[PDB]
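1. how does the following fold in three dimensions:
(chains A, B and C)
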Amino acid sequence: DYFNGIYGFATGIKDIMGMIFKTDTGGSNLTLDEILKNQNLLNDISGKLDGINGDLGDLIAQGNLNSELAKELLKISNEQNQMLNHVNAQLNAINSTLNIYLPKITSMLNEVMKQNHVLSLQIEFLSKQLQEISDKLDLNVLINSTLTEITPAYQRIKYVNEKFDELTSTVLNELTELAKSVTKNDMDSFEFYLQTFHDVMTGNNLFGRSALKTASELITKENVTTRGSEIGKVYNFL
Amino acid sequence: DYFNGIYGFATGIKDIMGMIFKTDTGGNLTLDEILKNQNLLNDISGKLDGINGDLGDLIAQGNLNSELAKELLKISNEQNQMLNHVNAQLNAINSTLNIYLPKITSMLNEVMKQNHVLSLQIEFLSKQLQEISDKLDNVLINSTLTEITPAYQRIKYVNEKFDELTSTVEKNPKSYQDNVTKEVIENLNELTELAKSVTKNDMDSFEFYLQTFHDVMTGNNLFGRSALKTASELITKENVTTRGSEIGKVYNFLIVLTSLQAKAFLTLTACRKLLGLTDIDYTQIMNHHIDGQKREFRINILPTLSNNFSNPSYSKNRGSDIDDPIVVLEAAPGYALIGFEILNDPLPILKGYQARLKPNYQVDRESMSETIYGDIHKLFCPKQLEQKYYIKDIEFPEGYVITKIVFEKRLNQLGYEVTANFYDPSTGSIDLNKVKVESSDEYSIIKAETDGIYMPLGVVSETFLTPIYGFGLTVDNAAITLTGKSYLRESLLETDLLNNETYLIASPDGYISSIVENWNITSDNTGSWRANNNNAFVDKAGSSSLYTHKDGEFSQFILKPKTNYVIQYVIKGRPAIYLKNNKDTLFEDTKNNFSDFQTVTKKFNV
Amino acid sequence: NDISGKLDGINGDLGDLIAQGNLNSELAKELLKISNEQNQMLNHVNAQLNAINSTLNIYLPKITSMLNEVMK
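-> Residues are numbered from 1 along each chain as shown, chains lettered A, B, ... in the order given. For reference, the structure is listed below:
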């Protein structure tokens, strides 16, 4: 087929992002963590209120007790039932929101994996056209320096990409855990590695050595006798 | 607008730290409480309470079989456990909304405000430091890269992310209770999470990176190679240059890096308050660290650096062989020459800045002016015949500031004469009677190429605008170089390398004056600009902007006859700009369409 | 275990007194409020003591034998 360029890849991505951004799940003001936390809290209060109203109910229906008192106990049984009813209200809403959500999500993950497979084919050609280069390589300090500077960020991004692909091609906890790690606000975040990757790529990094610059050198090292021109090989890397 | 030095930045920070340090958040939270659950819990609590209330009253009104009174009590405990456990959650939520959020949102609000003020004072310098790395390609060098980049990346990231989050947290604590949005809560969580990470005592701590940053900066690092020392090296061995002197460039670096840690410490202070840990006054340590970087700069690097500065670019231009031009840059009585810029966009132009001096070679912002000289290509370059260039490195003695430079080109023989007056750093008065004069025997001559000669181009100034005591023209490549000698050293040592008040102006990027009044729109008031309809209004595009729609127009009344002026404006969209006389049009710009803001530069002229 | 043991038998005795009636209304209330305070505290203590007893009783046995085997 045609390869539709970086602009092409990047728009293809933007599209899938949009598709995700426009998926309407249960539009609950609260997170996923807050729904499963609240589900457990309410499920427990419901569980306990049931067995209390159970016990209080058995006491009333064992009779043998004053009329006037049997009334007050009944009024206390109604209040208790109203409260269990009002609780199961909350817990129904939570359980039906989850019943909307997982269906909306599993189909959206499914679609993402599909639309992503289509894009990964448009660049499949070039794992084999880049392998052709490393085979024919054999050393600066300027080269070694940008390896040490980038590989941290490269490894995790690659890892998180591949592991996300592997987990969606088989659908859910394993996925929500990776999700939790990718989105956690701490100094050593995914976003941090994603940013420093770009900083290294463009040379916004104190000394101002872009990796593009350093990669370019290695490719134009006059030992590299593989097909294509310097332009091609570098643009491949890019 | 004045940059108040490192001392200035660092005390600005110390102040904000104090403001945080004196915030009270008295009283028990994880900060993992679902604040959205307030209504849910309040309701369950409300109902459970009144039932346990009624059942309680029944027990304590006696009249009740013993065996039964037991079972009812066991049913009261079950109920009470549950009410206790609920009110736990609901207390935490009510205190977070009621005590905590109010004291926190006002403190974060203030920090964001006082931090915006500091970030402006060094905004100039992300663009003046980027200018350097663009124009850049030992073991001692490689070693401080390996030593610092880990710490640099973490500090920078955590600083930027903390700033981005504190500016977009909701500051109205009312906004957090009752109808709070996923978005309002997510900003607060994102902040408390980053807080938890910034303050966590482990081998990969923020404090650890903040310490090793300083250790590398001062050369407490086995080898004893300071980063200032290495950063100095790279800059002095520059094959193609940027504006300013070695001193300026290095002191720029010094500012960026101190500023970074300054805010590292502020971020740290902030995060500890958010998490309600015991207060640490980082101020003492922060100041010790920043002070050491200064002394290391003042003692070990500074005295090796040049205060020379030159035109950073060149330009191929053809001049006149048949013109005998005189060009005179003369400051007014009380004023001194501060710097120049050759540019060629409208035409070959030499811009000259002047101003009145403050003590210790600083400049008086308000007293500051510029003048444009035209066709300097006829001064600097010949066209078909060789040009002789008398070369002399004119230098005056300490305490003298250059107040006039004259260029004379006669029969393709260019010369210059410099005048300097005595200046007193204590008062910052220039003495108009104590003048010295030098001019340009020893020369260099460039032969004219058909194509042109490389005339100087770009801003000839110090990084921070400062009066000058040397000046000269050099020739090569058929290339002409203007060089001057700044007083930046003498100015840094009285003011900022001593922790005294410091008043530095940064070399302007463009024009700083206009004959147009209220040429820079910022507020809604447009002063001298008059609108006509509600079709014409001020749009807040970050930096504000005149806006027109349908027929909406803005006008301003004004020039000497038969002279050339330069018009430049920064425009977006599809406007029409006129200099109309109610009969003639003197200048027109329609037919220009832009997606975004550009700058447009033209000239105009009985 | 000790705090639990003591709190239990007091709340036990105070509980029996309330449920044997014969008690002024206003007073029977205050004694109930003093039973809740006591019960909260006993509940909160038995929380800790349950965790401790299950760690020692279920968990440690199954874990120490599993770690033991793994080491071997």
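2. and the residue of the stretch 201-350 of chain B nearest chain C?
-> residue B:276 (22.5 Å; Cβ to the nearest Cβ). No exception for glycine: its C-beta is placed from N, CA and C like everyone else's.
3. that residue falls within a helix, correct?
-> No: counting by DSSP: H, G, I helix; E, B strand; the rest coil, residue B:276 is located in no helix; its state is coil.
4. what sits against the residue lying closest to it once chain neighbours are set aside?
-> Take residue B:276 and drop its neighbours on the chain: the residue closest to it by Cβ to Cβ, 6 or more residues apart in numbering or on different chains is residue B:25, 5.4 Å away. For residue B:25, the contacting residues are B:99, B:100, B:103, B:104, B:273, B:276, by Cβ atoms under 8 Å, 6 or more residues apart in numbering or on different chains.
5. for residue B:36, see how far away the first one is.
-> From residue B:99 over to residue B:36 the distance is 19 Å, taken as Cβ to Cβ, to the nearest Å.
6. just checking, what packs against the helix ranked longest in chain A?
-> Looking across chain A with DSSP state H, the single longest helix is helix A:67-122. Applying 3 or more Cβ pairs under 8 Å, 6 or more residues apart in numbering or on different chains; DSSP states H and E, one finds that helix A:67-122 contacts helix A:5-21, helix A:32-60, helix A:142-168, helix B:38-59.
7. could you check the angle helix A:67-122 makes with the next helix or strand after that helix?
-> Remark: after helix A:67-122, the chain's next helix or strand is helix A:125-134, criterion DSSP states H and E. In terms of direction (axes from the mean of the first three to the mean of the last three Cα atoms, to 10 degrees), helix A:125-134 departs from helix A:67-122 by 60 degrees.
8. who touches the closest residue in space to residue A:202 that isn't next to it in sequence in this structure?
-> In space, and not counting its chain neighbours, residue A:202 is closest to residue A:210: 5.6 Å by Cβ to Cβ, 6+ apart. The contact partners of residue A:210, by Cβ under 8 Å, 6+ apart, come to A:200, A:201, A:202, A:203.
9. phi, psi of residue A:210?
-> The phi and psi values for residue A:210, taken as degrees, to the nearest 10, are phi -70, psi 150.
10. roughly how far apart are residue B:38 and residue B:319?
-> 78 Å.
11. these two: who's more crowded?
-> residue B:319 (26 against 20; other Cβ atoms under 10 Å in any protein chain shown).
12. the closest residue to that one other than its chain neighbours: neighbour count?
-> Take residue B:319 and drop its neighbours on the chain: the residue closest to it by Cβ to Cβ, 6+ apart is residue B:381, 3.4 Å away. Counted by other Cβ under 10 Å, the residues lying close to residue B:381 total 28.
13. my guess is residue B:559 is in a helix, correct?
-> No: assigned with three-state DSSP, residue B:559 falls outside any helix and is coil.
14. does it touch residue B:565 like I think?
-> Yes: between residue B:559 and residue B:565 there is a contact under Cβ atoms under 8 Å: 7.1 Å.
15. more neighbours: which of those two?
-> More crowded of residue B:559 and residue B:565, by other Cβ under 10 Å: residue B:565, with 16 against 9.
16. tell me the phi and psi of that one?
-> phi -120, psi 160.
17. circling back: just want the angle from the longest helix of chain A to helix B:38-59.
-> Using the same axes, to 10 degrees, helix A:67-122 lies at 160 degrees relative to helix B:38-59.
18. residue contacts, residue A:30?
-> Contacts of residue A:30 (Cβ under 8 Å, 6+ apart): A:38, B:34, B:36, B:182.
19. same thing with residue B:287?
-> B:10, B:14.
20. give me the distance between it and residue B:54.
-> 64 Å.
21. what about the residue nearest to residue B:69 when sequence neighbours are not counted, distance to residue B:75?
-> Excluding the flanking residues, the one nearest residue B:69 by Cβ to Cβ, 6+ apart is residue C:19, at 3.4 Å. Using Cβ to Cβ, residue C:19 is found at 12 Å from residue B:75.
22. quick one: stretch A:50-59 to chain centroid distance?
-> 45 Å (Cα atoms, centre = their mean, to the nearest Å).
23. ignore the last one, stretch A:129-142
-> 34 Å.
24. dump the C-alpha coordinates for stretch B:141-159 into CSV.
-> Provided in CSV are the C-alpha atoms of stretch B:141-159 (Å, rounded to 0.1, in the frame of the first residue of the first chain):
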residue,chain,number,x,y,z
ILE,B,141,32.8,18.2,30.3
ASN,B,142,31.3,14.8,29.8
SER,B,143,31.5,14.1,33.6
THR,B,144,29.3,17.0,34.7
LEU,B,145,26.7,16.1,32.0
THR,B,146,26.5,12.5,33.5
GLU,B,147,26.5,14.1,37.0
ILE,B,148,23.8,16.8,36.5
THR,B,149,21.3,15.7,33.7
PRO,B,150,19.4,13.2,36.0
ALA,B,151,18.9,16.0,38.7
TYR,B,152,18.3,18.7,36.0
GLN,B,153,15.5,16.7,34.3
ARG,B,154,13.7,15.8,37.6
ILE,B,155,13.9,19.3,39.1
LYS,B,156,12.8,21.0,35.9
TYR,B,157,9.9,18.4,35.4
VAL,B,158,8.7,18.6,39.0
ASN,B,159,8.9,22.4,39.0
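25. please identify which helix or strand holds the residue nearest the centre of chain A.
-> Nearest to the geometric centre of chain A sits residue A:179, at 3.4 Å (Cα atoms, centre = their mean). In this assignment (DSSP H and E), residue A:179 forms part of helix A:173-183.
26. packing partners for that helix?
-> Helix A:173-183 packs on helix A:142-168, helix A:190-202, going by 3+ Cβ pairs under 8 Å, 6+ apart.
27. in the first one, which residues are buried?
-> Right, helix A:142-168. Along helix A:142-168, these residues count as buried under the neighbour rule (16 or more other Cβ atoms under 10 Å in any protein chain shown): A:145, A:146, A:149, A:150, A:153, A:156, A:160, A:164, A:167, A:168.
28. helices of chain B, start to end?
-> B:5-21, B:38-59, B:66-95, B:101-121, B:124-133, B:140-166, B:182-199, B:206-218, B:227-236, B:246-274, B:283-296, B:376-380, B:488-494.
29. which among those helices is found nearest to residue A:92?
-> Nearest to residue A:92 among these is helix B:38-59; the distance by Cβ to Cβ comes to 13.4 Å.
30. can you point out the buried residues in the closest one?
-> B:38, B:40-41, B:43-45, B:47-48, B:51-52, B:55-56, B:58-59.
31. residue B:71: neighbour count?
-> 16.
32. hmm, it is touching residue A:59, no?
-> Yes: the pair residue B:71 / residue A:59 is scored as a contact, 5.8 Å apart, by Cβ under 8 Å.
33. who touches the nearest residue in space to residue A:43 that is not next to it in sequence in this structure?
-> Residue nearest to residue A:43 in three dimensions, not counting chain neighbours: residue A:91, with 6.3 Å by Cβ to Cβ, 6+ apart. Residue A:91 makes contact with A:39, A:42, A:43, A:46, according to Cβ under 8 Å, 6+ apart.
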